[PDB]
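*Asks:* Just one file: work02.txt, with compact mmCIF, C-alpha atoms.
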# COMPACT_ATOMS: atom_id res chain seq x y z
CA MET A 1 0.00 0.00 0.00
CA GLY A 2 3.07 2.21 0.27
CA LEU A 3 3.93 1.30 -3.31
CA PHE A 4 0.56 1.23 -5.07
CA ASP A 5 0.01 4.82 -3.93
CA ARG A 6 3.30 5.81 -5.58
CA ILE A 7 2.40 3.92 -8.77
CA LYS A 8 -0.99 5.61 -8.95
CA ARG A 9 0.55 9.03 -8.34
CA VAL A 10 2.96 8.45 -11.23
CA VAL A 11 0.11 7.36 -13.51
CA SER A 12 -1.95 10.38 -12.46
CA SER A 13 0.92 12.76 -13.22
CA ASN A 14 1.30 11.17 -16.65
CA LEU A 15 -2.40 11.63 -17.43
CA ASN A 16 -2.58 15.15 -16.00
CA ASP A 17 0.31 16.36 -18.14
CA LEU A 18 -1.15 14.58 -21.17
CA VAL A 19 -4.31 16.63 -20.60
CA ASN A 20 -2.65 19.95 -19.71
CA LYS A 21 -0.93 19.62 -23.09
CA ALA A 22 -4.32 19.67 -24.85
CA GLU A 23 -5.83 22.72 -23.11
CA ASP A 24 -5.74 25.73 -25.43
CA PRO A 25 -6.21 29.16 -23.79
CA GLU A 26 -8.15 30.72 -26.67
CA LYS A 27 -11.04 28.25 -26.43
CA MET A 28 -10.92 27.63 -22.67
CA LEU A 29 -11.13 31.35 -21.92
CA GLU A 30 -14.49 31.33 -23.74
CA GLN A 31 -15.86 28.03 -22.40
CA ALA A 32 -15.34 29.36 -18.88
CA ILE A 33 -17.40 32.47 -19.70
CA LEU A 34 -20.09 30.32 -21.31
CA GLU A 35 -20.48 28.18 -18.20
CA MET A 36 -20.44 31.19 -15.87
CA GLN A 37 -23.33 32.73 -17.82
CA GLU A 38 -25.18 29.41 -17.93
CA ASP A 39 -25.10 29.34 -14.12
CA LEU A 40 -26.09 33.00 -13.80
CA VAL A 41 -29.24 31.96 -15.69
CA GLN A 42 -30.29 29.57 -12.92
CA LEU A 43 -29.51 32.15 -10.26
CA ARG A 44 -31.79 34.58 -12.10
CA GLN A 45 -34.58 31.99 -12.10
CA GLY A 46 -34.18 31.54 -8.35
CA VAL A 47 -34.49 35.26 -7.73
CA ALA A 48 -37.59 35.23 -9.95
CA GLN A 49 -39.17 32.56 -7.74
CA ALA A 50 -38.43 34.65 -4.65
CA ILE A 51 -39.99 37.80 -6.10
CA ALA A 52 -43.06 35.84 -7.22
CA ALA A 53 -43.53 34.58 -3.66
CA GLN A 54 -43.35 38.17 -2.43
CA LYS A 55 -45.94 39.26 -5.00
CA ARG A 56 -48.36 36.55 -3.88
CA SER A 57 -47.89 37.50 -0.23
CA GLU A 58 -48.65 41.16 -0.92
CA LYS A 59 -51.72 40.17 -2.95
CA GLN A 60 -52.99 38.24 0.06
CA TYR A 61 -52.39 41.32 2.21
CA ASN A 62 -54.44 43.40 -0.22
CA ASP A 63 -57.31 40.91 -0.19
CA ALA A 64 -57.45 40.86 3.61
CA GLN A 65 -57.37 44.65 3.75
CA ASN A 66 -60.23 44.86 1.25
CA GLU A 67 -62.41 42.41 3.17
CA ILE A 68 -61.84 44.29 6.45
CA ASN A 69 -63.50 47.38 5.00
CA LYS A 70 -66.15 45.23 3.32
CA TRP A 71 -67.20 43.87 6.71
CA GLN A 72 -67.12 47.33 8.28
CA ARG A 73 -69.50 48.55 5.55
CA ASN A 74 -71.76 45.55 6.10
CA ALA A 75 -71.81 46.42 9.80
CA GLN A 76 -72.89 49.90 8.70
CA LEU A 77 -75.75 48.34 6.75
CA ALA A 78 -76.75 46.08 9.64
CA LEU A 79 -76.84 48.98 12.09
CA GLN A 80 -78.93 50.96 9.60
CA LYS A 81 -81.53 48.29 8.83
CA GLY A 82 -80.76 45.38 11.15
CA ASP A 83 -80.18 45.04 14.90
CA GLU A 84 -77.32 45.22 17.38
CA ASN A 85 -76.48 41.51 17.26
CA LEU A 86 -75.86 41.54 13.50
CA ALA A 87 -73.50 44.51 13.88
CA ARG A 88 -71.81 42.66 16.75
CA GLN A 89 -71.21 39.62 14.54
CA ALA A 90 -69.91 41.76 11.67
CA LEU A 91 -67.51 43.62 13.96
CA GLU A 92 -66.34 40.34 15.52
CA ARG A 93 -65.46 38.99 12.07
CA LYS A 94 -63.78 42.26 11.07
CA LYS A 95 -61.58 42.06 14.18
CA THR A 96 -60.21 38.67 13.13
CA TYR A 97 -59.68 39.91 9.58
CA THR A 98 -57.70 42.92 10.82
CA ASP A 99 -55.58 40.72 13.08
CA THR A 100 -54.80 38.42 10.15
CA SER A 101 -53.88 41.35 7.91
CA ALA A 102 -51.48 42.81 10.48
CA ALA A 103 -49.87 39.44 11.16
CA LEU A 104 -49.37 38.83 7.43
CA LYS A 105 -47.79 42.24 6.82
CA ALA A 106 -45.41 41.55 9.71
CA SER A 107 -43.90 38.79 7.55
CA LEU A 108 -44.26 40.54 4.20
CA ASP A 109 -41.77 43.07 5.55
CA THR A 110 -39.05 40.46 6.10
CA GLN A 111 -39.84 38.86 2.75
CA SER A 112 -39.10 42.17 1.03
CA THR A 113 -35.94 42.54 3.11
CA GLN A 114 -34.67 39.17 1.84
CA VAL A 115 -35.58 39.90 -1.78
CA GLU A 116 -33.48 43.06 -1.55
CA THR A 117 -30.33 41.10 -0.70
CA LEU A 118 -31.06 38.56 -3.42
CA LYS A 119 -31.31 41.30 -6.05
CA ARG A 120 -28.09 42.92 -4.84
CA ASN A 121 -26.25 39.61 -5.12
CA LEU A 122 -27.52 39.12 -8.67
CA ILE A 123 -26.28 42.61 -9.58
CA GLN A 124 -22.83 41.74 -8.26
CA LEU A 125 -22.91 38.53 -10.29
CA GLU A 126 -23.59 40.43 -13.49
CA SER A 127 -20.77 42.88 -12.78
CA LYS A 128 -18.29 40.05 -12.21
CA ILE A 129 -19.29 38.28 -15.42
CA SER A 130 -18.85 41.54 -17.34
CA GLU A 131 -15.34 42.00 -15.94
CA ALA A 132 -14.42 38.43 -16.87
CA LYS A 133 -15.73 38.97 -20.40
CA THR A 134 -13.53 42.06 -20.75
CA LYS A 135 -10.46 40.17 -19.54
CA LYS A 136 -11.15 37.43 -22.08
CA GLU A 137 -10.97 39.87 -24.99
CA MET A 138 -7.82 41.45 -23.57
CA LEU A 139 -6.03 38.12 -23.24
CA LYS A 140 -7.08 36.90 -26.69
CA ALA A 141 -5.22 39.83 -28.24
CA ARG A 142 -2.29 39.18 -25.91
CA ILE A 143 -2.20 35.60 -27.23
CA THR A 144 -2.31 36.56 -30.90
CA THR A 145 0.44 39.13 -30.32
CA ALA A 146 2.78 36.84 -28.38
CA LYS A 147 2.31 34.16 -31.03
CA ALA A 148 4.45 36.26 -33.40
CA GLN A 149 6.38 38.59 -31.08
CA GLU A 150 9.09 35.93 -31.33
CA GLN A 151 9.52 37.27 -34.89
CA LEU A 152 10.53 40.56 -33.36
CA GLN A 153 12.76 39.03 -30.76
CA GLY A 154 14.67 36.96 -33.30
CA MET A 155 15.71 40.15 -35.09
CA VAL A 156 18.81 40.53 -32.90
CA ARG A 157 22.04 39.47 -34.57
CA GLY A 158 22.85 36.85 -31.93
CA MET A 159 20.11 34.25 -31.53
CA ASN A 160 19.19 31.82 -34.32
CA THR A 161 15.72 30.98 -32.97
CA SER A 162 14.20 32.70 -36.03
CA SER A 163 15.09 30.79 -39.19
CA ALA A 164 13.82 33.76 -41.22
CA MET A 165 16.64 35.97 -39.92
CA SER A 166 19.11 33.10 -39.54
CA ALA A 167 18.97 32.41 -43.29
CA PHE A 168 19.56 36.15 -43.75
CA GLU A 169 22.56 36.40 -41.42
CA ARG A 170 24.20 33.33 -42.96
CA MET A 171 23.78 34.72 -46.48
CA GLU A 172 25.16 38.10 -45.42
CA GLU A 173 28.16 36.30 -43.92
CA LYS A 174 28.68 34.28 -47.10
CA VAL A 175 28.60 37.39 -49.28
CA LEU A 176 31.01 39.26 -47.01
CA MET A 177 33.37 36.27 -47.02
CA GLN A 178 33.25 36.08 -50.82
CA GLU A 179 34.12 39.76 -51.14
CA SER A 180 36.88 39.43 -48.53
CA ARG A 181 38.41 36.53 -50.48
CA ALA A 182 38.30 38.41 -53.77
CA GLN A 183 39.88 41.49 -52.16
CA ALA A 184 42.57 39.62 -50.20
CA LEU A 185 43.59 38.04 -53.49
CA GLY A 186 45.25 41.45 -53.91
CA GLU A 187 47.21 41.73 -50.68
CA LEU A 188 48.39 38.30 -51.76
CA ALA A 189 49.59 39.92 -55.00
CA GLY A 190 51.60 42.44 -52.98
CA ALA A 191 49.94 45.65 -54.20
CA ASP A 192 49.02 46.78 -50.67
CA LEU A 193 52.43 48.38 -50.13
CA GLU A 194 52.22 50.14 -53.50
CA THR A 195 48.77 51.49 -52.68
CA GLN A 196 49.91 52.67 -49.25
CA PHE A 197 52.94 54.46 -50.69
CA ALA A 198 50.94 56.10 -53.49
CA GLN A 199 48.21 57.27 -51.03
CA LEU A 200 50.90 58.61 -48.63
CA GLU A 201 51.62 61.27 -51.29
CA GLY A 202 48.29 61.62 -53.10
CA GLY A 203 46.05 62.02 -50.06
CA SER A 204 46.79 65.61 -49.04
CA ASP A 205 46.96 67.10 -52.55
CA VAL A 206 43.30 68.17 -52.53
CA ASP A 207 43.59 69.84 -49.12
CA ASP A 208 46.85 71.58 -50.05
CA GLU A 209 45.36 72.86 -53.31
CA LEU A 210 42.25 74.12 -51.50
CA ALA A 211 44.39 75.93 -48.92
CA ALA A 212 46.60 77.50 -51.59
CA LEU A 213 43.57 78.60 -53.63
CA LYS A 214 41.93 80.10 -50.53
CA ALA A 215 45.14 82.01 -49.80
CA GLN A 216 45.28 83.23 -53.41
CA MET A 217 41.64 84.35 -53.28
CA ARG B 56 -15.56 48.26 -27.58
CA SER B 57 -14.65 48.75 -23.92
CA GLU B 58 -14.69 52.54 -24.25
CA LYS B 59 -18.04 52.37 -26.07
CA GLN B 60 -19.46 50.44 -23.11
CA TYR B 61 -18.09 53.12 -20.79
CA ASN B 62 -19.84 55.78 -22.86
CA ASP B 63 -23.16 53.92 -22.77
CA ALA B 64 -23.02 53.53 -18.98
CA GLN B 65 -22.16 57.21 -18.55
CA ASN B 66 -25.10 58.21 -20.76
CA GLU B 67 -27.59 56.06 -18.85
CA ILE B 68 -26.41 57.48 -15.51
CA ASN B 69 -27.51 60.96 -16.55
CA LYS B 70 -30.65 59.53 -18.15
CA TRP B 71 -31.71 58.08 -14.80
CA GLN B 72 -30.82 61.30 -12.98
CA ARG B 73 -33.09 63.21 -15.37
CA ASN B 74 -35.87 60.68 -14.87
CA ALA B 75 -35.47 61.19 -11.12
CA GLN B 76 -35.90 64.90 -11.83
CA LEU B 77 -39.15 64.12 -13.64
CA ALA B 78 -40.38 61.84 -10.86
CA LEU B 79 -39.71 64.46 -8.19
CA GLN B 80 -41.52 67.04 -10.32
CA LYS B 81 -44.66 65.01 -11.07
CA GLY B 82 -44.33 61.79 -9.05
CA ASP B 83 -43.56 60.99 -5.42
CA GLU B 84 -40.55 60.38 -3.19
CA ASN B 85 -40.49 56.60 -3.67
CA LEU B 86 -40.15 56.87 -7.46
CA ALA B 87 -37.22 59.26 -7.06
CA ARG B 88 -35.74 56.86 -4.51
CA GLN B 89 -35.93 53.99 -7.00
CA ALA B 90 -34.43 56.09 -9.80
CA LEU B 91 -31.54 57.21 -7.60
CA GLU B 92 -30.96 53.64 -6.41
CA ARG B 93 -30.62 52.48 -10.02
CA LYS B 94 -28.38 55.44 -10.90
CA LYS B 95 -26.06 54.51 -8.03
CA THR B 96 -25.48 51.03 -9.46
CA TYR B 97 -24.96 52.48 -12.93
CA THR B 98 -22.33 54.91 -11.64
CA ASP B 99 -20.55 52.13 -9.76
CA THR B 100 -20.47 50.01 -12.92
CA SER B 101 -19.13 52.91 -14.99
CA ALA B 102 -16.30 53.62 -12.55
CA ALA B 103 -15.37 49.94 -12.28
CA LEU B 104 -15.27 49.61 -16.07
CA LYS B 105 -13.08 52.69 -16.55
CA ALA B 106 -10.69 51.27 -13.95
CA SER B 107 -9.93 48.48 -16.44
CA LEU B 108 -10.17 50.59 -19.61
CA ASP B 109 -7.12 52.44 -18.29
CA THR B 110 -4.96 49.30 -18.19
CA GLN B 111 -6.30 48.22 -21.57
CA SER B 112 -5.02 51.47 -23.09
CA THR B 113 -1.72 51.01 -21.28
CA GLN B 114 -1.25 47.59 -22.91
CA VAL B 115 -2.25 48.82 -26.37
CA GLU B 116 0.46 51.48 -26.08
CA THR B 117 3.20 48.87 -25.67
CA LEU B 118 1.77 46.79 -28.51
CA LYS B 119 1.89 49.76 -30.88
CA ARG B 120 5.45 50.60 -29.84
CA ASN B 121 6.56 47.03 -30.54
CA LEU B 122 4.97 47.14 -33.99
CA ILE B 123 6.82 50.39 -34.74
CA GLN B 124 10.11 48.75 -33.80
CA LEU B 125 9.23 45.81 -36.06
CA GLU B 126 8.72 48.10 -39.03
CA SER B 127 12.02 49.88 -38.38
CA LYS B 128 13.92 46.58 -38.26
CA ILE B 129 12.35 45.35 -41.50
CA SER B 130 13.30 48.63 -43.19
CA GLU B 131 16.92 48.26 -42.07
CA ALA B 132 17.02 44.68 -43.37
CA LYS B 133 15.60 45.80 -46.71
CA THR B 134 18.35 48.42 -47.00
CA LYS B 135 21.06 45.86 -46.23
CA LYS B 136 19.64 43.56 -48.91
CA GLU B 137 20.11 46.19 -51.62
CA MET B 138 23.61 46.98 -50.37
CA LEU B 139 24.70 43.34 -50.46
CA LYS B 140 23.18 42.68 -53.89
CA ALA B 141 25.48 45.33 -55.37
CA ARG B 142 28.37 43.89 -53.36
CA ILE B 143 27.64 40.51 -54.97
CA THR B 144 27.46 41.82 -58.52
CA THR B 145 30.72 43.73 -57.99
CA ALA B 146 32.67 40.86 -56.45
CA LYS B 147 31.48 38.58 -59.25
CA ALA B 148 33.83 40.44 -61.63
CA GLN B 149 36.36 42.12 -59.32
CA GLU B 150 38.44 39.02 -60.02
CA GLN B 151 38.87 40.57 -63.48
CA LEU B 152 40.64 43.45 -61.80
CA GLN B 153 42.70 41.26 -59.54
CA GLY B 154 43.95 39.11 -62.40
CA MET B 155 45.49 42.19 -64.01
CA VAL B 156 48.75 41.75 -62.08
CA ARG B 157 51.57 40.24 -64.12
CA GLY B 158 52.02 37.28 -61.77
CA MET B 159 48.84 35.23 -61.34
CA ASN B 160 47.26 33.30 -64.22
CA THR B 161 43.79 33.03 -62.63
CA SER B 162 42.43 35.30 -65.40
CA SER B 163 42.69 33.57 -68.77
CA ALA B 164 41.91 36.91 -70.43
CA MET B 165 45.20 38.39 -69.22
In structure tokens, what does this structure look like?
*Replies:*
Amino acid sequence: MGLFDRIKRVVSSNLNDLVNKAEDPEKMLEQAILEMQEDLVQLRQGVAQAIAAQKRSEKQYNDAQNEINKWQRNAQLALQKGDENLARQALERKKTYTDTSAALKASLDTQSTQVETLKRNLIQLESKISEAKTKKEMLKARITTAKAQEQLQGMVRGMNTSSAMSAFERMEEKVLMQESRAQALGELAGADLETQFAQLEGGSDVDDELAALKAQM
Amino acid sequence: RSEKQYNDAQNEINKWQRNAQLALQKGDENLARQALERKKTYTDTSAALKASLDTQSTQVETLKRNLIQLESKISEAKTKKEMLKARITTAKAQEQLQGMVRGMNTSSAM
């Protein structure tokens, strides 16, 4: 058991590197965004359920409030045309209705309080997804730039990592060597001393003539 | 695209402030409260988005500079190519100078 663990760790490292070779940032950076949005959808549906529950609760509040006044008006009618007992019954019912309405509003308040937090959380979700979507577009351009920035960095005369400039440097070297050979075929001939001696006298003639002509003028 | 989104958010912030104006004129306090609450979130979003637009511009600056350097290097290489072509065509016959000396027989013409 102290050896099978090691074997399985080695196998797992093999497989994990075999996979991490396949991952490609350009497509993964978009699949991640896709899944994030797909989950935001379900969160939205949950918030929708919560708000619907709140709406139903407030509708019940409204119905109870309406019936309270309905029974008060019917007590009015009873007292007008009926007797004291009928008004007593109507008022007794209206009391229970008012109690129910107050008790229900007491909870409607907290329901609204909770819905507020839910909506705020959803807003934060949307902001985070937007930021991630911006970063995706930034990094895609970074990728497409770095994929060829090597073709700047190979421009230096030293490194041969860019065959495009390597086959240029080698050709330049070959041409320079060819010209050097053709020229040195002269110093082999022995004309270098003759050229040096001739130029030791001919070099300053132009300057001397210019100076003399300036003096004359 | 990022800066366009910034502009849209900035526009809608003022739109909601104006609608709060209208609510306070004709409506009630709760409507203005709702409008201001929405405008707060819009302003927060706009500021957060500009915070990243800044760095995006910073990166684009470096990218453009690198491209400029690329173009300069290619121009220099293109100049060297034309220099070395003439060097080649000269050295291909400079042997017909160097054979002119009385000693070497490498030039059958002389």
*Asks:* At a cut-off of 7 Å, list the chain B residues touching chain A, using all atoms listed in the file, as a PDB file with C-alpha atoms, in the frame of the given file.
*Replies:*
ATOM      1  CA  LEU B 125       9.230  45.810 -36.060  1.00  0.00           C
ATOM      2  CA  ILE B 143      27.640  40.510 -54.970  1.00  0.00           C
ATOM      3  CA  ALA B 146      32.670  40.860 -56.450  1.00  0.00           C
ATOM      4  CA  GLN B 149      36.360  42.120 -59.320  1.00  0.00           C
ATOM      5  CA  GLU B 150      38.440  39.020 -60.020  1.00  0.00           C
ATOM      6  CA  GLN B 153      42.700  41.260 -59.540  1.00  0.00           C
TER       7      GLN B 153
END
*Asks:* What would the list of residues within 9 Å of (13.1, 31.1, -29.9) (file frame) look like as a list in words, if all atoms listed in the file are what count?
*Replies:*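 All residues meeting the 9 Å criterion around (13.1, 31.1, -29.9) are residues 150, 151, 153, 154, 159, 160, 161 and 162 of chain A.
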*Asks:* Print the selection's residues with C-alpha atoms to a file, as a short mmCIF file (atom, residue, chain, number, x, y, z; two decimals), keeping the file's coordinate frame.
*Replies:*
data_model
loop_
_atom_site.label_atom_id
_atom_site.label_comp_id
_atom_site.auth_asym_id
_atom_site.auth_seq_id
_atom_site.Cartn_x
_atom_site.Cartn_y
_atom_site.Cartn_z
CA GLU A 150 9.09 35.93 -31.33
CA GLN A 151 9.52 37.27 -34.89
CA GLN A 153 12.76 39.03 -30.76
CA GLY A 154 14.67 36.96 -33.30
CA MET A 159 20.11 34.25 -31.53
CA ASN A 160 19.19 31.82 -34.32
CA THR A 161 15.72 30.98 -32.97
CA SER A 162 14.20 32.70 -36.03
#
*Asks:* Do you have the atom CA of residue B:115-atom CA of residue A:29 distance handy?
*Replies:*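 According to the coordinates, atom CA of residue B:115 and atom CA of residue A:29 are separated by 20.1 Å.
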*Asks:* Could you tell me how far atom CA of residue A:88 sits from atom CA of residue A:107, in Å to one decimal place?
*Replies:*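 One can read the atom CA of residue A:107 to atom CA of residue A:88 distance as 29.6 Å.
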*Asks:* Counting all atoms listed in the file, which of B:93, B:60, B:111, B:132 gets nearest to residue B:74?
*Replies:* B:93
*Asks:* If I take atom CA of residue B:157 and atom CA of residue A:174, how far is one from the other in Å, to one decimal?
*Replies:*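 So the answer is 29.1 Å.
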*Asks:* Smallest atom-to-atom distance to residue B:104: which of A:207, A:132, A:45, A:202, using all atoms listed in the file?
*Replies:*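 That would be A:132, the residue with the smallest distance to residue B:104.
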*Asks:* Using only C-alpha atoms, give me every residue within 12 Å of (-31.5, 35.6, -1.0) in file coordinates, as a PyMOL selection string.
*Replies:* chain A and resi 43-44+46-51+110-122
*Asks:* Need to verify the contact set: residue B:73, 12 Å, only C-alpha atoms, exclusion of same-chain residues closer than 5 positions in sequence. Can you return it as a ChimeraX atom specification?
*Replies:* /B:66-68,78-80,87,90-91,94
